[PDB]
Amino acid sequence: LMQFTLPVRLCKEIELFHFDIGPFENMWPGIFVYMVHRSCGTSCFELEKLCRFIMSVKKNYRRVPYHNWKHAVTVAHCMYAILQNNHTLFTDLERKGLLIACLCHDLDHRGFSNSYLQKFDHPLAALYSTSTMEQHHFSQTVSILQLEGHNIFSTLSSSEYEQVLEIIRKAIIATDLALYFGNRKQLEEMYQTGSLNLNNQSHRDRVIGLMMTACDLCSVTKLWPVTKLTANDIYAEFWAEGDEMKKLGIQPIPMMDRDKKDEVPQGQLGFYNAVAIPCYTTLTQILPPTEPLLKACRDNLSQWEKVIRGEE
Ligand SMILES: Cc1cnc(C)n2nc(CCc3nc(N4CCCC4=O)cn3C)nc12
Ligand SMILES: [Mg+2]
Ligand SMILES: [Zn+2]
(Lines give C-alpha, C1' and ligand atoms only; values in the text may rest on other atoms or scores of the structure.)
(Ligands and ions follow the chains in the order given, each with its own letter.)
Protein backbone atom coordinates (compact mmCIF):
# COMPACT_ATOMS: atom_id res chain seq x y z
CA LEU A 1 0.00 0.00 0.00
CA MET A 2 0.84 3.78 0.13
CA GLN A 3 3.27 4.99 2.81
CA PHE A 4 3.96 8.71 3.05
CA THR A 5 7.79 9.22 3.02
CA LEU A 6 9.64 12.46 3.79
CA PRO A 7 13.04 13.70 2.58
CA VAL A 8 15.95 12.32 4.65
CA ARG A 9 16.48 15.42 6.88
CA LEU A 10 12.71 15.55 7.77
CA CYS A 11 12.49 11.73 8.16
CA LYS A 12 15.26 11.92 10.86
CA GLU A 13 14.50 15.26 12.58
CA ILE A 14 10.63 14.72 12.74
CA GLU A 15 11.37 12.14 15.51
CA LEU A 16 13.06 14.79 17.72
CA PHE A 17 10.99 16.98 20.06
CA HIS A 18 12.57 20.26 18.74
CA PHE A 19 11.54 19.64 15.07
CA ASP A 20 10.21 22.77 13.28
CA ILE A 21 7.69 21.86 10.51
CA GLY A 22 9.17 24.53 8.15
CA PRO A 23 7.66 27.34 6.05
CA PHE A 24 6.19 25.12 3.24
CA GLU A 25 2.43 25.01 4.13
CA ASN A 26 1.76 22.43 1.36
CA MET A 27 3.99 19.85 3.15
CA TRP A 28 2.13 20.11 6.56
CA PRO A 29 -0.78 17.79 5.59
CA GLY A 30 1.74 15.15 4.41
CA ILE A 31 3.76 15.62 7.63
CA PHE A 32 0.57 14.98 9.74
CA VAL A 33 -0.41 11.83 7.71
CA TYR A 34 3.18 10.54 8.15
CA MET A 35 2.87 11.07 11.96
CA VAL A 36 -0.54 9.27 12.13
CA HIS A 37 0.79 6.37 10.03
CA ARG A 38 3.84 5.83 12.32
CA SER A 39 2.22 6.58 15.75
CA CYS A 40 -1.18 4.92 15.03
CA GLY A 41 -0.78 2.68 11.89
CA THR A 42 -1.65 2.88 8.13
CA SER A 43 -4.94 1.08 9.13
CA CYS A 44 -6.20 3.64 11.80
CA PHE A 45 -7.99 5.85 9.19
CA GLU A 46 -9.07 5.54 5.53
CA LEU A 47 -6.54 7.79 3.67
CA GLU A 48 -9.23 9.54 1.49
CA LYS A 49 -11.43 10.37 4.56
CA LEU A 50 -8.33 11.50 6.56
CA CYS A 51 -7.08 13.77 3.70
CA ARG A 52 -10.63 15.28 3.40
CA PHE A 53 -10.77 15.79 7.24
CA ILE A 54 -7.24 17.46 7.32
CA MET A 55 -8.18 19.87 4.48
CA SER A 56 -11.52 20.93 6.15
CA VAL A 57 -9.65 21.42 9.44
CA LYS A 58 -7.07 23.61 7.66
CA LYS A 59 -9.90 25.64 6.05
CA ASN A 60 -11.43 26.34 9.50
CA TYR A 61 -8.15 27.83 10.92
CA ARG A 62 -7.97 31.60 10.35
CA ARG A 63 -5.14 33.79 9.03
CA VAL A 64 -4.13 35.10 12.51
CA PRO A 65 -0.49 35.64 13.61
CA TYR A 66 -0.15 32.70 16.10
CA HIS A 67 -3.35 30.59 16.57
CA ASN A 68 -3.28 29.30 12.96
CA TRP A 69 -2.89 26.10 10.99
CA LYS A 70 0.94 26.04 11.53
CA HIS A 71 0.32 26.10 15.32
CA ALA A 72 -2.21 23.20 14.95
CA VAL A 73 0.34 21.07 13.07
CA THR A 74 3.25 22.07 15.43
CA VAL A 75 1.16 21.01 18.50
CA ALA A 76 0.33 17.65 16.73
CA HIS A 77 4.07 17.04 16.06
CA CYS A 78 4.96 17.54 19.78
CA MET A 79 2.18 14.99 20.72
CA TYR A 80 3.63 12.59 18.07
CA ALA A 81 7.10 12.88 19.68
CA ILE A 82 5.59 12.24 23.17
CA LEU A 83 3.61 9.20 21.87
CA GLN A 84 6.64 7.74 19.99
CA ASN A 85 8.93 8.00 23.10
CA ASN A 86 6.26 6.22 25.28
CA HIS A 87 5.35 3.32 22.90
CA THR A 88 3.57 1.07 25.41
CA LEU A 89 1.86 3.62 27.76
CA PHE A 90 -1.12 4.52 25.50
CA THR A 91 -4.26 2.69 24.29
CA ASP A 92 -5.09 2.37 20.53
CA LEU A 93 -7.98 4.89 20.93
CA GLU A 94 -5.68 7.41 22.72
CA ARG A 95 -3.12 7.24 19.82
CA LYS A 96 -6.08 7.84 17.35
CA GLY A 97 -7.72 10.60 19.45
CA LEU A 98 -4.76 12.71 20.66
CA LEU A 99 -3.21 13.56 17.22
CA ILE A 100 -6.71 14.61 16.04
CA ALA A 101 -7.27 16.60 19.23
CA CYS A 102 -3.93 18.41 18.70
CA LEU A 103 -4.81 19.20 15.02
CA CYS A 104 -8.31 20.44 16.07
CA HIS A 105 -7.53 22.10 19.47
CA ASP A 106 -7.64 25.79 18.27
CA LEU A 107 -10.18 25.35 15.39
CA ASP A 108 -11.71 28.69 14.27
CA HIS A 109 -9.56 30.73 16.75
CA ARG A 110 -10.03 34.49 16.19
CA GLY A 111 -6.75 35.60 17.92
CA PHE A 112 -8.57 36.70 21.14
CA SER A 113 -8.54 35.31 24.72
CA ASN A 114 -11.60 33.97 26.62
CA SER A 115 -11.29 37.15 28.75
CA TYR A 116 -11.62 39.44 25.64
CA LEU A 117 -14.76 37.53 24.44
CA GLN A 118 -16.42 38.03 27.93
CA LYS A 119 -15.55 41.77 28.05
CA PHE A 120 -16.72 42.29 24.40
CA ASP A 121 -19.85 40.22 25.31
CA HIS A 122 -19.32 37.91 22.27
CA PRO A 123 -22.23 35.46 21.71
CA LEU A 124 -19.77 32.52 22.37
CA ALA A 125 -19.37 33.94 25.99
CA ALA A 126 -23.17 33.33 26.54
CA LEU A 127 -23.18 29.84 24.93
CA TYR A 128 -20.01 28.77 26.94
CA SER A 129 -19.37 30.57 30.23
CA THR A 130 -15.98 28.92 30.94
CA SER A 131 -13.23 27.67 28.66
CA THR A 132 -15.20 29.66 26.00
CA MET A 133 -12.89 29.21 22.97
CA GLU A 134 -12.04 25.60 23.96
CA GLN A 135 -15.71 24.54 23.96
CA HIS A 136 -16.00 26.29 20.55
CA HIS A 137 -12.93 24.37 19.19
CA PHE A 138 -14.47 21.02 20.30
CA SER A 139 -17.86 22.01 18.76
CA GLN A 140 -16.03 22.84 15.46
CA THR A 141 -14.27 19.44 15.62
CA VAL A 142 -17.62 17.55 15.91
CA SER A 143 -19.11 19.68 13.04
CA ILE A 144 -16.28 18.68 10.69
CA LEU A 145 -16.44 14.95 11.79
CA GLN A 146 -20.16 15.08 10.75
CA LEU A 147 -19.57 16.48 7.20
CA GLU A 148 -20.16 13.91 4.38
CA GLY A 149 -17.06 11.71 3.74
CA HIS A 150 -15.23 13.14 6.88
CA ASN A 151 -16.05 10.48 9.50
CA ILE A 152 -12.49 9.16 10.07
CA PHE A 153 -13.74 7.16 13.15
CA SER A 154 -16.53 5.43 11.07
CA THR A 155 -15.11 1.88 11.79
CA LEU A 156 -15.24 2.26 15.65
CA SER A 157 -18.27 0.83 17.60
CA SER A 158 -20.79 3.32 19.16
CA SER A 159 -18.93 2.96 22.55
CA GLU A 160 -15.34 3.32 21.08
CA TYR A 161 -16.49 6.33 18.98
CA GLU A 162 -18.01 7.78 22.24
CA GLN A 163 -14.74 7.08 24.12
CA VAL A 164 -12.54 8.67 21.35
CA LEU A 165 -14.76 11.84 21.19
CA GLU A 166 -14.61 12.02 25.02
CA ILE A 167 -10.73 11.76 24.92
CA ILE A 168 -10.75 14.59 22.27
CA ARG A 169 -13.25 16.76 24.26
CA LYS A 170 -11.17 16.49 27.48
CA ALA A 171 -7.79 17.00 25.64
CA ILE A 172 -9.17 20.14 23.97
CA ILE A 173 -10.78 21.66 27.15
CA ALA A 174 -7.40 20.98 28.91
CA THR A 175 -5.71 23.49 26.53
CA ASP A 176 -7.47 26.29 28.47
CA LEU A 177 -4.31 27.47 30.29
CA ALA A 178 -6.58 28.73 33.21
CA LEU A 179 -7.22 25.01 34.02
CA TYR A 180 -3.53 23.94 33.73
CA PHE A 181 -2.33 25.39 37.12
CA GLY A 182 -4.73 23.31 39.23
CA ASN A 183 -4.25 20.19 37.08
CA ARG A 184 -0.44 20.36 37.39
CA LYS A 185 -0.71 20.87 41.27
CA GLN A 186 -2.99 17.79 41.54
CA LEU A 187 -0.59 15.74 39.40
CA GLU A 188 2.42 17.03 41.49
CA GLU A 189 0.73 15.92 44.83
CA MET A 190 -0.30 12.54 43.28
CA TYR A 191 3.22 11.87 41.91
CA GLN A 192 4.97 12.72 45.28
CA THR A 193 2.55 10.91 47.68
CA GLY A 194 2.73 7.91 45.23
CA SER A 195 -1.08 7.82 44.58
CA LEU A 196 -0.56 8.48 40.79
CA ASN A 197 -2.23 5.50 39.07
CA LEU A 198 -2.32 5.19 35.23
CA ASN A 199 -5.17 2.55 35.41
CA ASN A 200 -7.30 5.22 37.11
CA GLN A 201 -9.25 6.87 34.25
CA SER A 202 -9.50 10.26 36.06
CA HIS A 203 -5.66 10.07 36.56
CA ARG A 204 -4.99 9.32 32.85
CA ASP A 205 -7.30 12.28 32.07
CA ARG A 206 -5.08 14.61 34.14
CA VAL A 207 -1.79 13.19 32.55
CA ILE A 208 -3.31 13.69 29.01
CA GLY A 209 -4.34 17.23 30.06
CA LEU A 210 -0.71 17.99 31.01
CA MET A 211 0.57 16.47 27.69
CA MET A 212 -1.92 18.84 25.95
CA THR A 213 -0.47 21.86 27.83
CA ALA A 214 3.14 20.63 27.08
CA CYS A 215 2.34 20.31 23.34
CA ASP A 216 0.43 23.62 23.25
CA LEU A 217 3.40 25.54 24.86
CA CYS A 218 6.03 23.65 22.75
CA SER A 219 7.40 26.86 21.07
CA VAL A 220 9.49 27.24 24.33
CA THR A 221 11.12 23.77 23.56
CA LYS A 222 12.45 24.66 20.07
CA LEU A 223 15.90 25.89 18.96
CA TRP A 224 16.38 29.45 20.21
CA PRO A 225 15.85 31.15 16.75
CA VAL A 226 12.44 29.34 16.42
CA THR A 227 11.48 30.21 20.05
CA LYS A 228 12.41 33.90 19.61
CA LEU A 229 10.56 34.34 16.23
CA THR A 230 7.47 32.40 17.45
CA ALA A 231 7.36 34.84 20.49
CA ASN A 232 6.91 37.76 18.02
CA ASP A 233 3.78 35.97 16.56
CA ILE A 234 2.47 35.30 20.13
CA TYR A 235 2.84 39.00 21.03
CA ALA A 236 1.42 40.23 17.67
CA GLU A 237 -1.87 38.58 18.75
CA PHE A 238 -1.71 39.75 22.41
CA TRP A 239 -1.03 43.39 21.42
CA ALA A 240 -3.89 43.41 18.85
CA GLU A 241 -6.18 42.21 21.73
CA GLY A 242 -4.61 44.98 23.89
CA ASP A 243 -5.66 47.50 21.21
CA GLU A 244 -9.23 46.00 21.23
CA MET A 245 -9.27 46.24 25.08
CA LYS A 246 -8.34 49.96 24.77
CA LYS A 247 -11.25 50.40 22.25
CA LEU A 248 -13.65 49.02 24.91
CA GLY A 249 -12.05 51.65 27.27
CA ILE A 250 -10.27 48.90 29.38
CA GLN A 251 -6.52 49.04 30.24
CA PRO A 252 -5.15 45.69 29.00
CA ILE A 253 -2.93 43.57 31.31
CA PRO A 254 0.78 44.30 30.64
CA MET A 255 1.06 41.05 28.55
CA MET A 256 -1.25 42.64 25.87
CA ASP A 257 -0.01 46.28 26.04
CA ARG A 258 2.37 46.97 23.08
CA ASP A 259 3.49 50.07 25.09
CA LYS A 260 5.49 47.53 27.24
CA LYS A 261 7.37 45.99 24.19
CA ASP A 262 10.61 46.66 26.16
CA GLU A 263 9.66 44.42 29.15
CA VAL A 264 9.12 41.36 26.87
CA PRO A 265 12.35 39.63 28.07
CA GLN A 266 11.22 39.90 31.75
CA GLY A 267 7.64 38.78 30.77
CA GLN A 268 9.21 35.63 29.23
CA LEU A 269 11.20 34.90 32.47
CA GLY A 270 7.97 35.02 34.57
CA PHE A 271 6.22 32.79 32.02
CA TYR A 272 9.07 30.20 31.92
CA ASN A 273 9.27 30.14 35.78
CA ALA A 274 5.45 30.28 36.48
CA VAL A 275 4.16 28.19 33.54
CA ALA A 276 6.56 26.38 31.17
CA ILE A 277 9.30 24.91 33.49
CA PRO A 278 6.78 23.53 36.03
CA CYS A 279 4.80 22.02 33.10
CA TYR A 280 7.79 20.11 31.59
CA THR A 281 9.20 19.29 35.08
CA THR A 282 5.96 17.45 36.16
CA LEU A 283 5.61 15.88 32.67
CA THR A 284 9.21 14.53 32.90
CA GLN A 285 8.51 12.99 36.38
CA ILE A 286 5.38 11.22 35.05
CA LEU A 287 6.83 10.36 31.57
CA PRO A 288 10.61 10.20 31.90
CA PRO A 289 11.33 10.01 28.12
CA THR A 290 9.88 13.60 27.66
CA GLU A 291 13.00 15.04 29.40
CA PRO A 292 14.32 16.57 26.09
CA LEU A 293 11.34 19.02 26.33
CA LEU A 294 12.39 20.17 29.87
CA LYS A 295 16.05 20.44 28.83
CA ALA A 296 15.16 22.63 25.73
CA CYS A 297 12.85 24.81 27.87
CA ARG A 298 15.65 25.35 30.43
CA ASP A 299 18.00 26.21 27.46
CA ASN A 300 15.51 28.86 26.21
CA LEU A 301 15.01 30.30 29.76
CA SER A 302 18.79 30.81 29.89
CA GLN A 303 18.63 32.56 26.42
CA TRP A 304 15.97 35.06 27.74
CA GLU A 305 18.26 35.55 30.74
CA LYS A 306 21.11 36.35 28.31
CA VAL A 307 18.79 38.84 26.55
CA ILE A 308 18.05 40.68 29.86
CA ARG A 309 21.87 40.83 30.64
CA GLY A 310 22.36 42.48 27.19
CA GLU A 311 24.65 39.51 26.11
CA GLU A 312 22.08 38.93 23.22
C1 LIG B 1 0.41 31.36 26.27
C2 LIG B 1 1.90 31.51 25.88
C3 LIG B 1 2.56 30.55 25.24
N4 LIG B 1 3.86 30.59 24.90
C5 LIG B 1 4.58 31.69 25.17
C6 LIG B 1 6.01 31.84 24.70
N7 LIG B 1 3.98 32.76 25.83
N8 LIG B 1 4.51 33.99 26.22
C9 LIG B 1 3.48 34.53 26.81
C10 LIG B 1 3.42 35.88 27.36
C11 LIG B 1 4.33 35.86 28.66
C12 LIG B 1 4.21 37.19 29.30
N13 LIG B 1 4.68 38.30 28.78
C14 LIG B 1 4.30 39.26 29.63
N15 LIG B 1 4.65 40.58 29.44
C16 LIG B 1 5.36 41.10 28.34
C17 LIG B 1 5.77 42.56 28.79
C18 LIG B 1 4.87 42.91 29.92
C19 LIG B 1 4.35 41.59 30.40
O20 LIG B 1 3.74 41.31 31.43
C21 LIG B 1 3.58 38.80 30.68
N22 LIG B 1 3.53 37.44 30.49
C23 LIG B 1 2.91 36.47 31.38
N24 LIG B 1 2.37 33.75 26.85
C25 LIG B 1 2.65 32.65 26.22
MG1 LIG C 1 -6.28 27.45 22.50
ZN1 LIG D 1 -3.03 26.10 20.94
Side-chain angles (χ1 to χ4, degrees), residues 16-19 39 71 74-91 94-95 97-99 101-102 105-106 114 130-131 134 166-223 226-227 230-231 234 255 267-305:
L16 311 185
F17 286 95
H18 61 271
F19 183 61
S39 70
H71 172 69
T74 291
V75 171
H77 162 265
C78 193
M79 181 64 73
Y80 166 81
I82 294 174
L83 289 178
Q84 289 305 256
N85 280 273
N86 302 263
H87 177 67
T88 66
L89 281 211
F90 296 100
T91 69
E94 290 167 350
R95 268 188 265 86
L98 291 171
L99 292 165
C102 286
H105 80 285
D106 274 326
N114 289 334
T130 63
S131 296
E134 293 79 21
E166 195 68 357
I167 287 162
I168 291 152
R169 189 185 61 77
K170 290 173 189 148
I172 291 183
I173 298 312
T175 63
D176 179 3
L177 202 64
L179 293 175
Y180 147 71
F181 298 96
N183 186 56
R184 187 204 60 90
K185 280 158 208 130
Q186 291 297 123
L187 279 172
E188 209 203 338
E189 276 163 53
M190 277 167 212
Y191 172 71
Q192 281 165 18
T193 73
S195 29
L196 189 58
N197 176 25
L198 292 186
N199 302 323
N200 180 319
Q201 188 57 73
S202 87
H203 285 172
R204 291 183 84 65
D205 285 352
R206 299 196 161 275
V207 176
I208 291 163
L210 191 65
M211 286 160 58
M212 291 298 300
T213 303
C215 296
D216 203 11
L217 293 192
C218 78
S219 87
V220 307
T221 69
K222 303 308 186 183
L223 235 72
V226 176
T227 301
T230 306
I234 291 172
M255 195 173 88
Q268 286 297 301
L269 280 205
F271 183 83
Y272 278 68
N273 286 313
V275 178
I277 300 284
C279 174
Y280 297 107
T281 304
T282 305
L283 186 65
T284 289
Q285 293 174 179
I286 302 178
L287 293 182
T290 70
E291 199 195 327
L293 290 169
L294 173 52
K295 173 191 172 297
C297 183
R298 275 198 189 286
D299 285 341
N300 282 317
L301 164 55
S302 140
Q303 291 296 271
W304 287 112
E305 268 155 5

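Along the sequence shown, the residues carry numbers beginning at 1. Worth knowing before you read on, the calculation uses all heavy atoms, side chains too, and leaves out hydrogens, waters and symmetry mates.
The shortest non-hydrogen separation linking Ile168 to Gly97 is CG1-O, 3.5 Å. Between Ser39 and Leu99, the shortest heavy-atom distance links the atoms OG-CD1, 2.9 Å. Residue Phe90 comes nearest to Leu287 through the heavy atom pair CZ-CD1, 4.3 Å, listed as atom of the first residue, atom of the second, then distance. Counting all heavy atoms, side chain and backbone alike, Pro288 lies closest to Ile286 at CD-O, 3.4 Å. Of all non-hydrogen atoms in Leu89 and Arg204, the two that sit nearest each other are O-NH2, 3.0 Å. Between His87 and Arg95, the shortest heavy-atom distance links the atoms O-NE, 4.3 Å.
Looking at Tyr280 and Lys295, their side chains never come closer than 4.5 Å, going by heavy atoms from C-beta outward. Counting only heavy atoms from C-beta outward, the side chains of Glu134 and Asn114 approach each other to under 4.5 Å. Within the 4.5 Å cutoff, the side chain of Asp216 has no heavy atoms near those of the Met212 side chain. With a 4.5 Å cut-off on side-chain heavy atoms, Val207 and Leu187 count as touching. In this structure, the side chains of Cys218 and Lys222 come closer than 4.5 Å at one or more pairs of heavy atoms. Two residues are said to be in side-chain contact when any heavy atoms from C-beta on lie closer than 4.5 Å; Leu217 and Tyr180 fail this criterion.
Checking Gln201 against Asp205 by side-chain atom types alone, a donor-acceptor pair falls below 3.5 Å. In summary, the side chains of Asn300 and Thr227 do present a donor paired with an acceptor at a separation below 3.5 Å, with no hydrogens or angles considered.
Just one residue in the list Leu177, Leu283, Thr282 forms a side-chain contact (heavy atoms from CB on, under 4.5 Å) with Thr213, and that residue is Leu177.
Between the side chain of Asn200 and the backbone N or O of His203, at least one donor-acceptor pair lies under 3.5 Å. Proximity of a side-chain donor or acceptor of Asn183 to a complementary backbone N or O of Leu179 within less than 3.5 Å is not detected. A distance-only check finds no donor-acceptor pair linking the side chain of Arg184 to the backbone of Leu210 [under 3.5 Å].
Between the CD atom in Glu291 and the OG1 atom in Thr281 there is a gap of 10.5 Å [rounded to 0.5 Å]. Between atom NE2 of residue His77 and atom CD of residue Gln84 there is a gap of 9.5 Å, rounded to the nearest 0.5 Å.
Checked for salt-bridge contact, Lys185 and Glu188 miss the test: no charged N lies under 4.0 Å from a carboxylate O.
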Side-chain polar contacts of residues 267-279 - donor-acceptor pairs under 3.5 angstrom, sequence neighbours left out - could you list them?
residue	atom	partner	partner atom	Å
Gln268	NE2	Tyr235	OH	2.8
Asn273	ND2	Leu269	O	3.3

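For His71, the ring pair (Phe, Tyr, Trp, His ring centres under 6.0 Å) partners are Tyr66, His67, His105, not counting sequence neighbours.
Within a 6.0 Å sphere centred on CD of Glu305, other residues, nucleotides and ligands contribute more than 12 heavy atoms.
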Handout entry: Candidate pair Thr74 and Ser219, rule side-chain contact (heavy atoms from CB on, under 4.5 Å), full reasoning
Key = CA-CA 8 Å; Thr74 291; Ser219 87; over 6 Å; no
